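Colleague: My structure is in coords.pdb, and what it holds is PDB, C-alpha atoms and all ligand atoms:
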```pdb
ATOM      1  CA  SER H  26     -11.245  65.551  66.409
ATOM      2  CA  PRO H  27     -12.666  68.465  68.447
ATOM      3  CA  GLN H  28     -16.403  69.251  68.628
ATOM      4  CA  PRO H  29     -18.037  70.411  65.341
ATOM      5  CA  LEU H  30     -18.208  74.095  66.438
ATOM      6  CA  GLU H  31     -14.583  74.003  67.718
ATOM      7  CA  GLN H  32     -13.396  72.536  64.369
ATOM      8  CA  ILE H  33     -15.353  75.114  62.315
ATOM      9  CA  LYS H  34     -13.564  77.886  64.230
ATOM     10  CA  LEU H  35     -10.151  76.171  63.726
ATOM     11  CA  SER H  36     -10.925  76.035  60.003
ATOM     12  CA  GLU H  37     -11.465  79.844  59.835
ATOM     13  CA  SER H  38      -8.249  80.433  61.778
ATOM     14  CA  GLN H  39      -6.277  78.131  59.468
ATOM     15  CA  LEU H  40      -7.818  79.366  56.203
ATOM     16  CA  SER H  41      -8.082  83.069  57.110
ATOM     17  CA  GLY H  42     -11.552  82.894  55.497
ATOM     18  CA  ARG H  43     -15.245  82.779  56.479
ATOM     19  CA  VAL H  44     -16.913  79.392  56.915
ATOM     20  CA  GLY H  45     -20.721  79.098  56.837
ATOM     21  CA  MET H  46     -22.349  75.922  58.055
ATOM     22  CA  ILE H  47     -25.626  74.306  58.979
ATOM     23  CA  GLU H  48     -26.330  70.745  60.083
ATOM     24  CA  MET H  49     -30.052  69.889  59.877
ATOM     25  CA  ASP H  50     -32.196  66.764  60.428
ATOM     26  CA  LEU H  51     -33.538  65.947  56.942
ATOM     27  CA  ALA H  52     -36.866  64.561  58.129
ATOM     28  CA  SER H  53     -37.842  67.331  60.612
ATOM     29  CA  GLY H  54     -35.639  70.366  59.856
ATOM     30  CA  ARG H  55     -34.166  70.420  63.379
ATOM     31  CA  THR H  56     -31.065  72.649  63.241
ATOM     32  CA  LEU H  57     -28.184  71.017  65.181
ATOM     33  CA  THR H  58     -25.205  73.280  64.309
ATOM     34  CA  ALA H  59     -25.435  76.757  62.778
ATOM     35  CA  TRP H  60     -22.374  78.965  62.195
ATOM     36  CA  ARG H  61     -22.657  82.185  60.135
ATOM     37  CA  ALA H  62     -25.848  80.511  58.943
ATOM     38  CA  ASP H  63     -27.474  83.805  57.909
ATOM     39  CA  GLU H  64     -24.386  85.207  56.147
ATOM     40  CA  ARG H  65     -24.123  85.289  52.328
ATOM     41  CA  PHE H  66     -21.814  82.951  50.405
ATOM     42  CA  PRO H  67     -21.390  82.358  46.658
ATOM     43  CA  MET H  68     -23.431  79.281  45.655
ATOM     44  CA  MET H  69     -21.066  78.395  42.829
ATOM     45  CA  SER H  70     -22.112  75.049  41.260
ATOM     46  CA  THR H  71     -24.352  74.105  44.191
ATOM     47  CA  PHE H  72     -27.148  76.124  42.424
ATOM     48  CA  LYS H  73     -27.440  73.175  39.970
ATOM     49  CA  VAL H  74     -29.478  71.154  42.521
ATOM     50  CA  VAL H  75     -32.058  73.986  42.886
ATOM     51  CA  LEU H  76     -32.056  74.371  39.079
ATOM     52  CA  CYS H  77     -33.045  70.751  38.579
ATOM     53  CA  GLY H  78     -35.610  71.046  41.378
ATOM     54  CA  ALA H  79     -37.274  73.730  39.209
ATOM     55  CA  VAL H  80     -36.975  71.449  36.146
ATOM     56  CA  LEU H  81     -38.673  68.651  38.082
ATOM     57  CA  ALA H  82     -41.463  71.057  39.155
ATOM     58  CA  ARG H  83     -42.168  71.743  35.437
ATOM     59  CA  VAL H  84     -42.222  67.975  34.771
ATOM     60  CA  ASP H  85     -44.716  67.474  37.635
ATOM     61  CA  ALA H  86     -46.854  70.303  36.226
ATOM     62  CA  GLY H  87     -46.801  68.614  32.791
ATOM     63  CA  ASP H  88     -44.838  71.481  31.172
ATOM     64  CA  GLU H  89     -41.658  69.485  30.650
ATOM     65  CA  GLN H  90     -40.555  65.853  30.165
ATOM     66  CA  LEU H  91     -37.300  64.297  31.343
ATOM     67  CA  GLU H  92     -37.385  62.285  28.088
ATOM     68  CA  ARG H  93     -37.468  65.350  25.827
ATOM     69  CA  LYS H  94     -34.380  65.596  23.653
ATOM     70  CA  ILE H  95     -32.628  68.935  23.351
ATOM     71  CA  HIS H  96     -30.383  69.490  20.370
ATOM     72  CA  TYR H  97     -27.686  72.081  20.677
ATOM     73  CA  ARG H  98     -24.782  73.339  18.601
ATOM     74  CA  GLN H  99     -21.077  73.637  19.357
ATOM     75  CA  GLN H 100     -21.493  77.469  19.440
ATOM     76  CA  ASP H 101     -23.854  76.944  22.418
ATOM     77  CA  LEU H 102     -21.181  75.218  24.561
ATOM     78  CA  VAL H 103     -19.649  77.208  27.454
ATOM     79  CA  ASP H 104     -16.473  76.474  29.476
ATOM     80  CA  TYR H 105     -16.434  72.986  31.034
ATOM     81  CA  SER H 106     -18.752  70.664  29.145
ATOM     82  CA  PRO H 107     -17.326  67.149  29.831
ATOM     83  CA  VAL H 108     -20.580  65.387  28.953
ATOM     84  CA  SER H 109     -22.427  67.830  26.710
ATOM     85  CA  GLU H 110     -19.428  68.189  24.331
ATOM     86  CA  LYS H 111     -19.851  64.456  23.509
ATOM     87  CA  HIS H 112     -23.444  64.823  22.150
ATOM     88  CA  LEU H 113     -23.320  67.453  19.433
ATOM     89  CA  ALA H 114     -24.616  64.902  16.909
ATOM     90  CA  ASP H 115     -27.386  63.265  18.950
ATOM     91  CA  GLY H 116     -28.448  65.746  21.682
ATOM     92  CA  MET H 117     -29.284  65.038  25.326
ATOM     93  CA  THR H 118     -32.545  64.492  27.157
ATOM     94  CA  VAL H 119     -33.636  67.002  29.812
ATOM     95  CA  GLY H 120     -33.072  64.234  32.398
ATOM     96  CA  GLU H 121     -29.574  63.536  31.026
ATOM     97  CA  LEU H 122     -28.847  67.263  31.187
ATOM     98  CA  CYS H 123     -29.742  67.346  34.866
ATOM     99  CA  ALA H 124     -27.591  64.262  35.550
ATOM    100  CA  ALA H 125     -24.672  65.923  33.778
ATOM    101  CA  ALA H 126     -25.240  69.283  35.573
ATOM    102  CA  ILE H 127     -25.453  67.723  39.037
ATOM    103  CA  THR H 128     -23.079  64.751  38.793
ATOM    104  CA  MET H 129     -20.369  66.301  36.564
ATOM    105  CA  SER H 130     -21.018  70.025  37.032
ATOM    106  CA  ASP H 131     -21.434  70.294  33.245
ATOM    107  CA  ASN H 132     -21.830  74.034  32.524
ATOM    108  CA  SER H 133     -23.411  73.760  29.101
ATOM    109  CA  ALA H 134     -25.939  71.323  30.517
ATOM    110  CA  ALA H 135     -26.774  73.807  33.327
ATOM    111  CA  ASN H 136     -26.991  76.657  30.826
ATOM    112  CA  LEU H 137     -29.434  74.826  28.567
ATOM    113  CA  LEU H 138     -31.584  73.869  31.597
ATOM    114  CA  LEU H 139     -31.476  77.450  32.934
ATOM    115  CA  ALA H 140     -33.069  78.686  29.702
ATOM    116  CA  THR H 141     -35.959  76.216  30.139
ATOM    117  CA  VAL H 142     -36.863  77.662  33.543
ATOM    118  CA  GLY H 143     -36.776  81.341  32.453
ATOM    119  CA  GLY H 144     -33.101  82.064  33.162
ATOM    120  CA  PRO H 145     -31.718  83.399  36.494
ATOM    121  CA  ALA H 146     -34.799  85.562  36.975
ATOM    122  CA  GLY H 147     -37.018  82.498  36.462
ATOM    123  CA  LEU H 148     -35.036  80.321  38.873
ATOM    124  CA  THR H 149     -35.059  83.123  41.466
ATOM    125  CA  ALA H 150     -38.890  83.420  41.099
ATOM    126  CA  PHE H 151     -39.055  79.648  41.644
ATOM    127  CA  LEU H 152     -37.093  80.109  44.897
ATOM    128  CA  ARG H 153     -39.446  82.904  46.010
ATOM    129  CA  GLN H 154     -42.393  80.545  45.229
ATOM    130  CA  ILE H 155     -41.157  77.846  47.578
ATOM    131  CA  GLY H 156     -40.525  80.411  50.328
ATOM    132  CA  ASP H 157     -36.806  81.097  49.872
ATOM    133  CA  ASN H 158     -36.512  84.896  49.984
ATOM    134  CA  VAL H 159     -32.731  84.938  50.300
ATOM    135  CA  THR H 160     -31.087  82.736  47.627
ATOM    136  CA  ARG H 161     -30.547  84.480  44.280
ATOM    137  CA  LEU H 162     -29.250  83.553  40.834
ATOM    138  CA  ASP H 163     -28.272  86.497  38.669
ATOM    139  CA  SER H 164     -25.782  85.040  36.131
ATOM    140  CA  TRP H 165     -25.709  82.638  33.158
ATOM    141  CA  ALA H 172     -16.535  86.584  43.599
ATOM    142  CA  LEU H 173     -15.794  89.976  45.171
ATOM    143  CA  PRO H 174     -16.946  91.023  48.685
ATOM    144  CA  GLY H 175     -20.041  93.250  48.528
ATOM    145  CA  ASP H 176     -21.259  91.361  45.458
ATOM    146  CA  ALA H 177     -24.492  89.626  46.456
ATOM    147  CA  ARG H 178     -25.078  88.090  43.004
ATOM    148  CA  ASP H 179     -25.343  84.295  42.863
ATOM    149  CA  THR H 180     -25.401  83.866  46.644
ATOM    150  CA  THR H 181     -27.268  81.949  49.278
ATOM    151  CA  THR H 182     -26.963  81.451  53.034
ATOM    152  CA  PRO H 183     -26.306  78.096  54.730
ATOM    153  CA  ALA H 184     -29.729  78.297  56.464
ATOM    154  CA  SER H 185     -31.596  79.197  53.249
ATOM    155  CA  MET H 186     -29.889  76.552  51.162
ATOM    156  CA  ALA H 187     -30.501  73.833  53.775
ATOM    157  CA  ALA H 188     -34.179  74.787  54.106
ATOM    158  CA  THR H 189     -34.619  74.901  50.313
ATOM    159  CA  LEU H 190     -32.928  71.524  49.812
ATOM    160  CA  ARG H 191     -35.157  70.046  52.512
ATOM    161  CA  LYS H 192     -38.255  71.552  50.812
ATOM    162  CA  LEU H 193     -37.271  70.054  47.449
ATOM    163  CA  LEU H 194     -36.460  66.573  48.785
ATOM    164  CA  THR H 195     -39.190  66.129  51.429
ATOM    165  CA  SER H 196     -42.092  68.590  51.313
ATOM    166  CA  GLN H 197     -44.880  67.672  48.949
ATOM    167  CA  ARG H 198     -43.820  70.446  46.527
ATOM    168  CA  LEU H 199     -42.303  67.877  44.161
ATOM    169  CA  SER H 200     -44.046  64.603  43.338
ATOM    170  CA  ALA H 201     -42.782  61.397  44.977
ATOM    171  CA  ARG H 202     -40.994  60.363  41.770
ATOM    172  CA  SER H 203     -39.348  63.804  41.360
ATOM    173  CA  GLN H 204     -38.130  63.812  45.001
ATOM    174  CA  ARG H 205     -36.609  60.373  44.379
ATOM    175  CA  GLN H 206     -35.012  61.545  41.157
ATOM    176  CA  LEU H 207     -33.426  64.632  42.749
ATOM    177  CA  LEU H 208     -32.037  62.486  45.552
ATOM    178  CA  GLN H 209     -30.602  59.895  43.143
ATOM    179  CA  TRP H 210     -28.811  62.584  41.097
ATOM    180  CA  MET H 211     -27.065  63.710  44.303
ATOM    181  CA  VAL H 212     -26.225  60.087  45.223
ATOM    182  CA  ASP H 213     -24.715  59.765  41.739
ATOM    183  CA  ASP H 214     -22.283  62.710  42.073
ATOM    184  CA  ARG H 215     -19.033  61.915  40.245
ATOM    185  CA  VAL H 216     -17.053  65.026  41.224
ATOM    186  CA  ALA H 217     -16.644  64.193  44.930
ATOM    187  CA  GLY H 218     -19.037  61.345  45.835
ATOM    188  CA  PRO H 219     -16.631  58.445  45.212
ATOM    189  CA  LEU H 220     -13.683  60.316  46.829
ATOM    190  CA  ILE H 221     -15.842  61.011  49.935
ATOM    191  CA  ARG H 222     -16.872  57.348  50.199
ATOM    192  CA  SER H 223     -13.186  56.375  50.050
ATOM    193  CA  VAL H 224     -12.560  58.308  53.289
ATOM    194  CA  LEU H 225     -15.882  57.712  55.032
ATOM    195  CA  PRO H 226     -16.075  54.995  57.672
ATOM    196  CA  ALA H 227     -18.237  51.974  56.849
ATOM    197  CA  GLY H 228     -21.978  52.588  57.227
ATOM    198  CA  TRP H 229     -21.966  56.282  56.371
ATOM    199  CA  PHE H 230     -24.372  57.454  53.611
ATOM    200  CA  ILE H 231     -23.297  60.308  51.286
ATOM    201  CA  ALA H 232     -25.084  62.245  48.557
ATOM    202  CA  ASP H 233     -23.760  65.658  47.510
ATOM    203  CA  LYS H 234     -23.253  68.567  45.176
ATOM    204  CA  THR H 235     -19.984  70.495  45.314
ATOM    205  CA  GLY H 236     -19.003  73.993  44.209
ATOM    206  CA  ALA H 237     -15.843  76.061  43.781
ATOM    207  CA  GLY H 238     -15.094  79.621  42.789
ATOM    208  CA  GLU H 240     -12.877  82.657  43.041
ATOM    209  CA  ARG H 241     -11.089  84.044  46.108
ATOM    210  CA  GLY H 242     -11.055  80.592  47.717
ATOM    211  CA  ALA H 243     -14.798  79.969  47.375
ATOM    212  CA  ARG H 244     -15.579  76.298  47.977
ATOM    213  CA  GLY H 245     -18.689  74.480  49.108
ATOM    214  CA  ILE H 246     -20.771  71.365  49.460
ATOM    215  CA  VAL H 247     -24.432  70.622  49.962
ATOM    216  CA  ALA H 248     -24.861  67.126  51.276
ATOM    217  CA  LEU H 249     -26.865  64.354  52.881
ATOM    218  CA  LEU H 250     -24.954  62.345  55.484
ATOM    219  CA  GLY H 251     -25.685  59.817  58.182
ATOM    220  CA  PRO H 252     -24.706  56.544  59.867
ATOM    221  CA  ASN H 254     -26.544  53.213  59.344
ATOM    222  CA  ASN H 255     -26.631  53.963  55.616
ATOM    223  CA  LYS H 256     -29.312  56.605  56.009
ATOM    224  CA  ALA H 257     -29.628  60.151  54.685
ATOM    225  CA  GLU H 258     -30.132  61.439  58.233
ATOM    226  CA  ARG H 259     -28.910  65.028  57.971
ATOM    227  CA  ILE H 260     -28.455  67.875  55.541
ATOM    228  CA  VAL H 261     -24.987  69.394  55.893
ATOM    229  CA  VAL H 262     -24.241  72.637  54.049
ATOM    230  CA  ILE H 263     -20.696  74.070  54.212
ATOM    231  CA  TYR H 264     -19.513  77.155  52.316
ATOM    232  CA  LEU H 265     -16.094  78.864  52.478
ATOM    233  CA  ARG H 266     -15.226  82.291  51.122
ATOM    234  CA  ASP H 267     -12.352  84.813  51.037
ATOM    235  CA  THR H 268      -9.463  82.483  51.728
ATOM    236  CA  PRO H 269      -6.180  82.414  49.757
ATOM    237  CA  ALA H 270      -5.750  78.646  50.488
ATOM    238  CA  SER H 271      -4.926  75.908  47.960
ATOM    239  CA  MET H 272      -7.843  73.797  46.729
ATOM    240  CA  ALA H 273      -6.281  70.806  48.534
ATOM    241  CA  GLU H 274      -6.273  72.685  51.842
ATOM    242  CA  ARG H 275      -9.833  73.941  51.398
ATOM    243  CA  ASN H 276     -10.872  70.301  50.786
ATOM    244  CA  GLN H 277      -8.967  69.125  53.873
ATOM    245  CA  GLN H 278     -10.655  71.732  56.112
ATOM    246  CA  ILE H 279     -14.131  70.797  54.928
ATOM    247  CA  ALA H 280     -13.211  67.102  55.475
ATOM    248  CA  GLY H 281     -12.045  67.993  59.003
ATOM    249  CA  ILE H 282     -15.443  69.517  59.789
ATOM    250  CA  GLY H 283     -16.946  66.267  58.411
ATOM    251  CA  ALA H 284     -14.672  64.233  60.718
ATOM    252  CA  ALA H 285     -15.831  66.248  63.764
ATOM    253  CA  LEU H 286     -19.475  65.572  62.806
ATOM    254  CA  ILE H 287     -18.805  61.858  62.358
ATOM    255  CA  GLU H 288     -17.000  61.495  65.689
ATOM    256  CA  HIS H 289     -19.596  63.553  67.552
ATOM    257  CA  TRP H 290     -22.842  62.630  65.831
ATOM    258  CA  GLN H 291     -25.154  62.184  68.838
ATOM    259  CA  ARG H 292     -26.223  65.767  69.707
TER     260      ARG H 292
HETATM  261  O1  LIG H 301     -15.061  56.831  65.458
HETATM  262  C1  LIG H 301     -15.608  57.247  64.205
HETATM  263  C2  LIG H 301     -14.658  56.847  63.085
HETATM  264  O2  LIG H 301     -13.390  57.514  63.266
HETATM  265  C3  LIG H 301     -12.447  57.311  62.214
HETATM  266  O3  LIG H 301     -13.034  57.704  60.959
HETATM  267  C4  LIG H 301     -12.468  58.881  60.367
HETATM  268  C5  LIG H 301     -12.017  58.545  58.947
HETATM  269  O4  LIG H 301     -10.954  57.596  58.997
HETATM  270  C6  LIG H 301     -11.570  59.775  58.158
HETATM  271  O5  LIG H 301     -11.295  59.400  56.800
HETATM  272  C7  LIG H 301     -12.707  60.784  58.224
HETATM  273  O6  LIG H 301     -12.341  61.975  57.508
HETATM  274  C8  LIG H 301     -13.493  62.780  57.224
HETATM  275  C9  LIG H 301     -13.814  62.661  55.746
HETATM  276  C10 LIG H 301     -15.210  63.176  55.418
HETATM  277  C11 LIG H 301     -15.129  63.978  54.121
HETATM  278  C12 LIG H 301     -16.478  64.364  53.527
HETATM  279  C13 LIG H 301     -17.443  64.900  54.563
HETATM  280  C14 LIG H 301     -18.435  65.849  53.925
HETATM  281  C15 LIG H 301     -19.803  65.181  54.080
HETATM  282  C16 LIG H 301     -20.958  66.078  54.515
HETATM  283  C17 LIG H 301     -20.741  67.518  54.088
HETATM  284  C18 LIG H 301     -19.525  68.043  54.844
HETATM  285  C19 LIG H 301     -18.251  67.244  54.546
HETATM  286  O7  LIG H 301     -13.023  61.086  59.595
HETATM  287  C20 LIG H 301     -13.518  59.988  60.372
HETATM  288  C21 LIG H 301     -13.779  60.479  61.794
HETATM  289  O8  LIG H 301     -12.514  60.895  62.360
HETATM  290  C22 LIG H 301     -12.106  55.832  62.102
HETATM  291  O9  LIG H 301     -11.335  55.669  60.911
HETATM  292  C23 LIG H 301     -13.372  54.992  61.964
HETATM  293  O10 LIG H 301     -13.021  53.598  61.985
HETATM  294  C24 LIG H 301     -14.432  55.328  63.018
HETATM  295  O11 LIG H 301     -15.680  54.639  62.780
HETATM  296  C1  LIG H 302     -19.079  74.880  40.084
HETATM  297  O1  LIG H 302     -18.868  75.123  41.265
HETATM  298  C2  LIG H 302     -18.062  75.214  39.096
HETATM  299  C3  LIG H 302     -16.810  75.447  39.508
HETATM  300  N1  LIG H 302     -15.796  75.762  38.696
HETATM  301  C4  LIG H 302     -15.875  75.710  37.235
HETATM  302  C5  LIG H 302     -16.566  76.929  36.671
HETATM  303  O2  LIG H 302     -16.334  78.066  37.134
HETATM  304  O3  LIG H 302     -17.404  76.770  35.771
HETATM  305  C6  LIG H 302     -14.482  75.412  36.631
HETATM  306  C7  LIG H 302     -14.582  75.067  35.148
HETATM  307  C8  LIG H 302     -13.929  74.195  37.348
HETATM  308  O4  LIG H 302     -14.870  73.118  37.335
HETATM  309  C9  LIG H 302     -14.524  71.825  37.891
HETATM  310  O5  LIG H 302     -13.404  71.616  38.337
HETATM  311  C10 LIG H 302     -15.571  70.738  37.934
HETATM  312  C11 LIG H 302     -16.053  70.586  39.372
HETATM  313  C12 LIG H 302     -16.696  71.863  39.903
HETATM  314  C13 LIG H 302     -17.587  71.528  41.083
HETATM  315  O6  LIG H 302     -17.053  71.310  42.187
HETATM  316  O7  LIG H 302     -18.822  71.502  40.895
HETATM  317  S1  LIG H 302     -13.426  76.711  36.838
HETATM  318  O8  LIG H 302     -12.098  76.269  36.526
HETATM  319  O9  LIG H 302     -13.384  77.050  38.241
END
```
Take the structure I supplied and represent it as structure tokens, if you would.

Modeller:
Amino acid sequence: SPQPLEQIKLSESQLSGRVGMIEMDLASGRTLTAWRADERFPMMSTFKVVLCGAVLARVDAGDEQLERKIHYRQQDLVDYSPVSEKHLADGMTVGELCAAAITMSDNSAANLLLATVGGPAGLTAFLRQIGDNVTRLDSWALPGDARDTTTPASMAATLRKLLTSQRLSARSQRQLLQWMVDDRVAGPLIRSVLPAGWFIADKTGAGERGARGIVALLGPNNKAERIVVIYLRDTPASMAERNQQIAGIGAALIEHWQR
């Protein structure tokens, strides 16, 4: 592989789209690689991590419990509900909802959780509270449309704040991390192509006009050493090719880790 920056450029050339990327030390926030890091990209399903960060903040505050069972009706389901569609009779706990939202990208689960935090406005106020003045959720992907967007730099900083600053309790930090470790959409596939010793936790996203993304923890020696945030937008490429390009940026990181 070429150097990370060289590969990121090759990916834009090959995809005819914009790539946005930041590689950041999880413990300190040291930024190693930053490309279009202040440009806006659609968050897609990656918002579900921030959502559950807000849910955990309510738990910490004593205004929510992960045990609490939510009952919902079939009429409340939205498109793509692989887990939530199975519990019309018995409901799901708030904690189960977050697991389903993060690990399966369950949209009904995310929708039910979003209500509990005051909707898109409420989640955006949560972001402003933790010092993210850029990321915004507006909805329960055209150029010029800033709705439901973040930047690589903002998303990386926010993920670091949620996982490591003392904004969430120790138990809540550990919970948010474990949900990302447990990703079923891409986690196991990623492990299958990762060399031995490499840690992965992640949340993926996909959307219109080629939108595709991942927010992840990666490192050698089985450690969550770095946050890596990669977003793509405005490419006509197949899903398979978008995946391959993101994987190629991963390969360049892996080969050239010591920077
Ligand atoms: O010298 C480093 C390594 O080089 C190769 O490993 C390859 C691997 O065989 C391939 O499967 C992967 O593809 C990259 C797949 C990563 C996909 C997910 C990455 C995510 C994670 C973080 C967010 C961005 C993308 O690249 C590495 C580096 O060339 C050798 O196979 C391996 O023995 C060796 O230890
Ligand atoms: C989150 O990014 C959601 C992406 N797409 C879904 C949506 O718009 O709600 C779909 C239903 C596809 O969802 C999946 O394939 C599950 C994995 C999505 C993910 O990577 O998180 S829609 O067809 O695009």

Colleague: Residues within 8 Å of ligand LIG 301 (chain H) should be enumerated using all atoms listed in the file and returned as a PyMOL selection string.

Modeller: chain H and resi 26+221-227+231+233+246-250+260-263+279-288

Colleague: Just the selected residues (C-alpha atoms), exported as an mmCIF file, in the coordinates of the input, please.

Modeller:
```
data_model
loop_
_atom_site.group_PDB
_atom_site.id
_atom_site.type_symbol
_atom_site.label_atom_id
_atom_site.label_comp_id
_atom_site.auth_asym_id
_atom_site.auth_seq_id
_atom_site.Cartn_x
_atom_site.Cartn_y
_atom_site.Cartn_z
ATOM 1 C CA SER H 26 -11.245 65.551 66.409
ATOM 2 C CA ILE H 221 -15.842 61.011 49.935
ATOM 3 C CA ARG H 222 -16.872 57.348 50.199
ATOM 4 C CA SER H 223 -13.186 56.375 50.050
ATOM 5 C CA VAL H 224 -12.560 58.308 53.289
ATOM 6 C CA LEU H 225 -15.882 57.712 55.032
ATOM 7 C CA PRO H 226 -16.075 54.995 57.672
ATOM 8 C CA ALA H 227 -18.237 51.974 56.849
ATOM 9 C CA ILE H 231 -23.297 60.308 51.286
ATOM 10 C CA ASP H 233 -23.760 65.658 47.510
ATOM 11 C CA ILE H 246 -20.771 71.365 49.460
ATOM 12 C CA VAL H 247 -24.432 70.622 49.962
ATOM 13 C CA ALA H 248 -24.861 67.126 51.276
ATOM 14 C CA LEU H 249 -26.865 64.354 52.881
ATOM 15 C CA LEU H 250 -24.954 62.345 55.484
ATOM 16 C CA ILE H 260 -28.455 67.875 55.541
ATOM 17 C CA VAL H 261 -24.987 69.394 55.893
ATOM 18 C CA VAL H 262 -24.241 72.637 54.049
ATOM 19 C CA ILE H 263 -20.696 74.070 54.212
ATOM 20 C CA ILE H 279 -14.131 70.797 54.928
ATOM 21 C CA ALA H 280 -13.211 67.102 55.475
ATOM 22 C CA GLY H 281 -12.045 67.993 59.003
ATOM 23 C CA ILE H 282 -15.443 69.517 59.789
ATOM 24 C CA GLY H 283 -16.946 66.267 58.411
ATOM 25 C CA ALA H 284 -14.672 64.233 60.718
ATOM 26 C CA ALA H 285 -15.831 66.248 63.764
ATOM 27 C CA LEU H 286 -19.475 65.572 62.806
ATOM 28 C CA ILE H 287 -18.805 61.858 62.358
ATOM 29 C CA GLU H 288 -17.000 61.495 65.689
#
```

Colleague: When the PyMOL selection byres (((chain H and resi 113) around 7) and not hetatm) is applied to the file above, which residues end up in the set, as a list in words?

Modeller: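 This file gives the following for the PyMOL selection byres (((chain H and resi 113) around 7) and not hetatm): residues 97, 98, 99, 110, 111, 112, 114, 115 and 116 of chain H.
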
Colleague: Once you count all atoms listed in the file, what closest atom pair and distance in Å to one decimal does each residue of chain H within 8 Å of ligand LIG 302 (chain H) have, with rows by chain and rising residue number, as a Markdown table?

Modeller:
```
| residue | atom | partner | partner_atom | distance |
| --- | --- | --- | --- | --- |
| H:68 | CA | H:LIG302 | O1 | 7.6 |
| H:69 | CA | H:LIG302 | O1 | 4.2 |
| H:70 | CA | H:LIG302 | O1 | 3.2 |
| H:71 | CA | H:LIG302 | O1 | 6.3 |
| H:104 | CA | H:LIG302 | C7 | 6.1 |
| H:105 | CA | H:LIG302 | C7 | 5.0 |
| H:127 | CA | H:LIG302 | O7 | 7.9 |
| H:129 | CA | H:LIG302 | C10 | 6.7 |
| H:130 | CA | H:LIG302 | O7 | 4.7 |
| H:131 | CA | H:LIG302 | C10 | 7.5 |
| H:132 | CA | H:LIG302 | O3 | 6.1 |
| H:216 | CA | H:LIG302 | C11 | 5.9 |
| H:217 | CA | H:LIG302 | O6 | 7.6 |
| H:234 | CA | H:LIG302 | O7 | 6.8 |
| H:235 | CA | H:LIG302 | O6 | 4.4 |
| H:236 | CA | H:LIG302 | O1 | 3.2 |
| H:237 | CA | H:LIG302 | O1 | 4.0 |
| H:238 | CA | H:LIG302 | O9 | 5.5 |
| H:240 | CA | H:LIG302 | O9 | 7.4 |
| H:244 | CA | H:LIG302 | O1 | 7.6 |
| H:245 | CA | H:LIG302 | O6 | 7.8 |
```

Colleague: Would you pick out the contacts of residue 59 (chain H) at 9 Å or less, using only C-alpha atoms, so that residues sharing its chain but fewer than 6 positions from it are not included, and give the list as a ChimeraX atom specification?

Modeller: /H:30,45-49,183-184

Colleague: Report, in Å to a single decimal, how far apart CA of residue 270 (chain H) and CA of residue 189 (chain H) are.

Modeller: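 Separating CA of residue 189 (chain H) from CA of residue 270 (chain H) is a distance of 29.1 Å.
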
Colleague: Kindly give the distance, in Å, that separates CA of residue 277 (chain H) and CA of residue 264 (chain H), rounded to a single decimal.

Modeller: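 It comes out at 13.3 Å.
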
Colleague: When you draw a straight line from CA of residue 180 (chain H) to CA of residue 86 (chain H), how long is it in Å?

Modeller: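 It comes out at 27.4 Å.
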
Colleague: List, as a ChimeraX atom specification, every residue that the PyMOL selection byres (((chain H and resi 151-160) around 6) and not hetatm) selects in the file provided.

Modeller: /H:148-150,161,180-181

Colleague: Taking C-alpha atoms for each residue, export the selection above as a PDB file, keeping the file's coordinate frame.

Modeller:
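After the write, selection01.pdb holds the following:
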```
ATOM      1  CA  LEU H 148     -35.036  80.321  38.873  1.00  0.00           C
ATOM      2  CA  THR H 149     -35.059  83.123  41.466  1.00  0.00           C
ATOM      3  CA  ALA H 150     -38.890  83.420  41.099  1.00  0.00           C
ATOM      4  CA  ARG H 161     -30.547  84.480  44.280  1.00  0.00           C
ATOM      5  CA  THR H 180     -25.401  83.866  46.644  1.00  0.00           C
ATOM      6  CA  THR H 181     -27.268  81.949  49.278  1.00  0.00           C
TER       7      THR H 181
END
```

Colleague: Using all atoms listed in the file, can you tell me which of H:140, H:257, H:76, H:44 comes closest to residue 195 (chain H)?

Modeller: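 Nearest to residue 195 (chain H): H:257.
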
Colleague: For the file shown, what are the residues hit by the PyMOL selection byres (((chain H and resi 92) around 10) and not hetatm), laid out as a PyMOL selection string?

Modeller: chain H and resi 89-91+93-95+117-121

Colleague: Taking into account only C-alpha atoms, which residue in the set H:141, H:28, H:182, H:209 is nearest to residue 194 (chain H)?

Modeller: H:209

Colleague: Please, could N, CA and C atoms be added to region 201-206 of chain H and the result written as a PDB file, in the frame of the given file?

Modeller:
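File produced: result28.pdb:
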```pdb
ATOM      1  N   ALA H 201     -43.631  62.474  44.420  1.00  0.00           N
ATOM      2  CA  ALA H 201     -42.782  61.397  44.977  1.00  0.00           C
ATOM      3  C   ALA H 201     -41.670  60.995  44.015  1.00  0.00           C
ATOM      4  N   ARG H 202     -42.017  60.762  42.752  1.00  0.00           N
ATOM      5  CA  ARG H 202     -40.994  60.363  41.770  1.00  0.00           C
ATOM      6  C   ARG H 202     -39.893  61.436  41.565  1.00  0.00           C
ATOM      7  N   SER H 203     -40.290  62.698  41.503  1.00  0.00           N
ATOM      8  CA  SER H 203     -39.348  63.804  41.360  1.00  0.00           C
ATOM      9  C   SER H 203     -38.427  63.973  42.575  1.00  0.00           C
ATOM     10  N   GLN H 204     -38.974  63.866  43.788  1.00  0.00           N
ATOM     11  CA  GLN H 204     -38.130  63.812  45.001  1.00  0.00           C
ATOM     12  C   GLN H 204     -37.064  62.721  44.909  1.00  0.00           C
ATOM     13  N   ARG H 205     -37.477  61.536  44.457  1.00  0.00           N
ATOM     14  CA  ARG H 205     -36.609  60.373  44.379  1.00  0.00           C
ATOM     15  C   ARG H 205     -35.534  60.586  43.324  1.00  0.00           C
ATOM     16  N   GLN H 206     -35.935  61.221  42.232  1.00  0.00           N
ATOM     17  CA  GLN H 206     -35.012  61.545  41.157  1.00  0.00           C
ATOM     18  C   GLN H 206     -33.956  62.541  41.611  1.00  0.00           C
TER      19      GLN H 206
END
```
